[PDB]
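A look at the structure
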Amino acid sequence: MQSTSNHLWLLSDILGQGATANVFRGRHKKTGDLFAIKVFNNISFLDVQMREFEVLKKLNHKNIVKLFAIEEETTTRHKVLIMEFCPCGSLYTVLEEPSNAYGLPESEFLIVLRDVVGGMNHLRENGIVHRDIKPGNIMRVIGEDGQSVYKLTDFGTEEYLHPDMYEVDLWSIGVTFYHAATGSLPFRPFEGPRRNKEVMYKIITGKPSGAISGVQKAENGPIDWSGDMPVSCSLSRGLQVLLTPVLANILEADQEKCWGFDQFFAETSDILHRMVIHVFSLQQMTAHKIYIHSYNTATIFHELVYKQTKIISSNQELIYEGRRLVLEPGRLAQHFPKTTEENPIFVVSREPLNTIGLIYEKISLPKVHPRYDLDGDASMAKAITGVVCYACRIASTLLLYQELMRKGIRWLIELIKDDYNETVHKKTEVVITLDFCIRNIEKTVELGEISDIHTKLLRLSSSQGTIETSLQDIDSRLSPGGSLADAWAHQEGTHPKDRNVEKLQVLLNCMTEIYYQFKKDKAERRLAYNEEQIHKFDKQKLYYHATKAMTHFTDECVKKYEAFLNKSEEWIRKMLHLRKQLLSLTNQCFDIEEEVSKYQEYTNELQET
Ligand SMILES: CC(C)c1ccc2oc3nc(N)c(-c4nnn[nH]4)cc3c(=O)c2c1
């Protein structure tokens, strides 16, 4: 409960403690405006210090916390610093939440990388060495437009250190972005870099120079490597493709072949300056995100789709808002239509495509031990709540996929019907032409060319008539009740009416409440006898919520998703066969449309002076 000239803070409002100064929740005394006070009790060693802090006062930027003033505590004469209060916490705080247990959401990851790189660029423009970049050293405030604003705070932890040290600037940034991407750290021995400290350094130094992750699965065991994000990471493959190279080449200890800052700020800005176009491969039931600059063309856009789904350019037939897209190779990306996850561009290819659907990592979940270990129960509750939160994220993605298939199929049928009606238009164009050449030849009536041409027109109507029978049978399929009807799609799956996502999130909210309370029990050390009781019963309720939610996820979701997906393969096959027939019959209405007139403009018109 110390005080100062201005400002004042309570001692129970301690938010962070560490080397030298702690950080409290202070006020302004004259006003009730909140502040963050750095106490600085250990004023060891040594004018120059107040000057190297006076420069920190003037420096103003969106991605840094601001030092407002320095003051002297009343009773102890300790150098206290007032700073911008960040009510949301730090980047490590949001990485503690089970929603980010397997990685930040895609949009908020862009907010992190934007604000982090922008803040470090502004610091290097003034020459402020940070080096020790950490999620704890990255705070979060809410912007005036909601959103989020991340700000650096401490400049001028062993887990985020370069190999040359660990007892060189871009190493910490790579480990933080990987931690933010997948919700887990890279380079991990067996259960933290604790006693396996010598194991950790063996992982950090001597790296395949192209990988990003290292992890052993057993005690004193082997280390697996990978140059890609894991399957569990909830980040679009359209973003991992251009995010892997920057990580794999800044985490290389060889300073000869490591990105400088100018190249780091160049590749990162390239990522941030792009826009996203949502594309759902209907034939494969896979959603995608194309990260493409606003000045690029549609040709490179089709190439980026080929890089994800292996669909050949110019064979990619695009659907949007129930209509075909018919894009041009010169149109800029900033002129494309809007794209959301719930309104993505659908993609067919007229070729047989392997339907794979969504690929997610099975977890199988952890066990709860009857041991009363509080810190063990806290760390266990954090992992298991992130697991069921992963199942909710997968369940919402599988529901989106099913509903998007229903929309893309419902449009695709109404698109085939339009092409079917266009073929009928060209059919009657040949019919009326065939009628006006038959009744004209039969009106005028050696004479061998008369019967020859007449029987040739009889051959035209004979093939044209069987084309009509084949078309009306095709419509009999497109008609309700027959094949290719989008009737099964309204069944066999899950719908927002079933509210499976909400049935899982109510148990997820009960879990995260128990987990938040278990983390409070960690700070309280020993608990009261009654609080020990409720900690035990809620510990068992965590297992009951897990068994009930996970069973509802595997028996309602997934299982019905597999049935809807297995039947989607059948309808896709029958749809490709339908479009192959209707296209061939449409071509048959074009060559015989040229066979007439040829047998009308000529051969019926003779000459005479
Ligand atoms: C949820 C808890 C853990 C919380 C909430 C708000 C916070 O708000 C902060 N605002 C600051 N300006 C600084 C700071 N660190 N170094 N300099 N200022 C630290 C914090 C917190 O730790 C914090 C924690």
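As recorded in the PDB header, X-ray crystallography is the method behind this entry, and the stated resolution is 3.3410 Å.

Before going further, it helps to spend a moment on the nonpolar core. Core analysis: the biggest nonpolar cluster contains 69 residues, and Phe280, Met285, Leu412, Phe553 and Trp571 have the highest contact counts within it. Secondary-structure elements contributing two or more residues to this core are β15 (345–348), α9 (374–444), α10 (448–478), α11 (500–524), α12 (529–555) and α13 (559–598). By residue number, the principal contributor to this core is α9, which donates 25 residues. Residues lining this core come from more than one domain, with at least three contributed by each of domain 3 (273–352) and domain 4 (372–609). What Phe280 contacts, discounting residues up to four positions off in sequence, is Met285, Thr286, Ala287, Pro344, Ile345, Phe346, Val347, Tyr401, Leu404 and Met405.

Before going further, it helps to examine the pattern of salt bridges. Following the criterion strictly, the structure yields 20 salt bridges and no others. Between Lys38 and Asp154 there is a salt bridge, with its nearest N and O atoms 3.3 Å apart. Overall, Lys38 belongs to the buried group, its relative accessible area being 14%. Taking relative accessible area as the criterion, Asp154 reaches 36% and is therefore assigned partly exposed. Across the salt bridge formed by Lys427 and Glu468, the nearest N and O atoms sit 2.4 Å from each other. The exposure class of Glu468 is partly exposed, given its relative accessible area of 32%.

Residues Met1, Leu10 and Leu11 make up a contiguous nonpolar surface patch of roughly 330 Å² in combined accessible area. Of note, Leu11 is situated in strand β1 (residues 9–16).

The subject of this paragraph is the site of the ligand. With respect to spatial proximity, the complete set of residues near the ligand consists of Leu15, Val23, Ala36, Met83, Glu84, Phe85, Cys86, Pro87, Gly89, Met139 and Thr153. The backbone of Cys86 places a nitrogen or oxygen atom 2.7 Å from an oxygen atom of the ligand. Within the complex, the protein chains bury 76% of what would otherwise be the 510 Å² of accessible surface of the ligand. Here the residues of the shell around the ligand sort into eight nonpolar, two polar and one charged. Each of domain 1 (1–85) and domain 2 (86–272) contributes no fewer than three residues to the shell around the ligand.

Rules and cut-offs
Residues numbered from 1 in each chain as written, not as in the entry; some residues may be left out. Heavy atoms only, no water. Core = buried A, V, L, I, M, F, W, Y, C linked by side-chain atoms within 4.5 Å. Buried < 20%, exposed > 50% of the residue type's maximum accessible area, 1.4 Å probe, protein only. Helix = DSSP H or I, 4+ residues; strand = E, 2+ residues; numbered from the N terminus. Domains from an automatic or database assignment. Contact = heavy atoms within 4.5 Å. Salt bridge = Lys/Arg side-chain N within 4 Å of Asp/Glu carboxyl O. Patch = residues over 30% accessible without salt bridge, like charges linked within 9 Å, V, L, I, M, F, W, Y side chains within 5 Å. Areas by Shrake-Rupley, 256 points an atom, 1.4 Å probe, with all protein chains shown as cover. Near = heavy atom within 4 Å. Polar contact = N/O pair within 3.5 Å; in protein donor to acceptor, adjacent residues only side chain to side chain. Nonpolar A, V, L, I, M, F, W, Y, C, P; charged D, E, K, R; others polar.

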